[PDB]
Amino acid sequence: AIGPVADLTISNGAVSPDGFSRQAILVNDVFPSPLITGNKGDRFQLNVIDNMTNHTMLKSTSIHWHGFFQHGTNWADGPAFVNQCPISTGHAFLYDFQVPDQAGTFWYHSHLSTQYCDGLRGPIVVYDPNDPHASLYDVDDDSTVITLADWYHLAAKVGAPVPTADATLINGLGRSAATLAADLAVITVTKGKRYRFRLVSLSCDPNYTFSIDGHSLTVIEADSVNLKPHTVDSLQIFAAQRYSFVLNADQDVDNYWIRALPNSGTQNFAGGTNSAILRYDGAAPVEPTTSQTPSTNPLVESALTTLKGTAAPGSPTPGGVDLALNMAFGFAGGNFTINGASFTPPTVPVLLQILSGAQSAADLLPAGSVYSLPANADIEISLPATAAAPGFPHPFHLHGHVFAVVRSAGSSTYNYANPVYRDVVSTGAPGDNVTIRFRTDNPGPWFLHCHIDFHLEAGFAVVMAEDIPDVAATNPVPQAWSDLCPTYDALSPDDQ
């Protein structure tokens, strides 16, 4: 409902999405943050005007447009101290980029520290006027976007380092243990119509097992990649993932519970927690009293495939690529490690280090955390789960790319012929060996990290410095970008 050219003014104020009042982050004076839309191929010009005054939730900011490749615009990707210095308070900064060849469901969020958990995070839809699945539904609009989010009554830097959520929010509304009469979100449908619901996880931490009483869900898109339609009666969505599903509203006129069970915190639906309302036109304005039936056809990621049936890059055998890397997870001194290194943000953003003459992974900071990738090549990365990295299952995200999930969590098999492609994948439980492949078609430094935001904060990330020799020529930067670091570095600490 705004975009693709729009101002996004960021400020602080009180919100009460679960009927408990707390300070948080507002975007264009609202919470939850507003939906942005455009069409396939559009240029997006989003002018981020930072007016925040609260240092505990951070006065500075930086925005990632999650799922967008940013080819030629690596300076606009978002991550603080990888692709830019943060925008300073009392300043604005224009993200100006295009989205060739992409359409689906995305989202934006702060990518500075754990700031998005304090409320800067909203959905984005990029519509396809020739969507291959358009004929499966009648309604696809602002009222078919469903967000899931975790909410905490203490701020990200006020509560525990890995806190437990006080409420799940669905479209920005939900109940906690103490606010059992708080307003629930309502999603309205008309009997006889078919809906493209675009489900996006804005979570900082928990994954949700999502279902709607009485209704099956036909999944047709995962993380902005078109799928062959695949009907399920429930699905598990990890932080930062998206699915589109068609719901055919062909049940009796009634209210039905929409359920989103987290894997930690309150794990039941007593008093309508973890829930929202699917309301048919004509039904009474009351809560559902429908019953959950056991899921006997849950989404299984290894059973999903792309609409085109695209092979994984490379040849069908392990190590069948130009470069194979394994990421060994661990945890010590309160920090996560990958291959023995913990990510600390460097003071010079990784992109600026490359523009300033850094040539190799060994040159780039932080030391031990940066991997050089060859240009125009195929890559395979395995991310084996281990109890040495507490808080599994960890959902890893690769910026600047979609990847083929050749091996999924909970599966023993490898699929090179027709695997799902996506951009956030659960790395599963000890014994799994989640393995992805992608092509280096996009020069620039790109983050690869756990999307549980509290774990990224604790160092659980690396940077893929893809095609270093071509980064500068491929990504010419605007002078407003070049002015971010001197403005930020001049702040005193209390103004950060």
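Throughout, we count residues from 1 along the sequence that is shown.
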In at least one third of the other PDB entries compared, is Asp140 left unmodelled? no
Counting only other entries that model residues on either side, is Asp281 absent from the coordinates in at least a third? yes
Taking the deposited Cα B-factors and averaging over 325-333 and over 145-153, the higher mean is found in 325-333
In the PDB record, does 286-294 or 127-135 carry the higher mean Cα temperature factor? 286-294
Options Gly72, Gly265, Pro229, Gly104 - largest CA temperature factor per the record: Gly265
Which is it among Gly78, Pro393, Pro349, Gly90: the one with the largest CA B-factor in the entry? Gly90
Consider only the C-alpha atoms of the modelled residues in this chain, order them by B-factor as the entry records it, and name the third containing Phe269: lowest, middle or highest. highest
For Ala480, return the chain-relative third of its C-alpha B-factor as stated in the PDB record: lowest, middle or highest. highest
Is the Cα B-factor recorded for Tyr421 in the lowest, middle or highest third of its chain? lowest
CA B-factor ranking of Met52, expressed as a third of its chain: middle
Lowest, middle or highest third: where is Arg439 by C-alpha B factor in its chain? middle
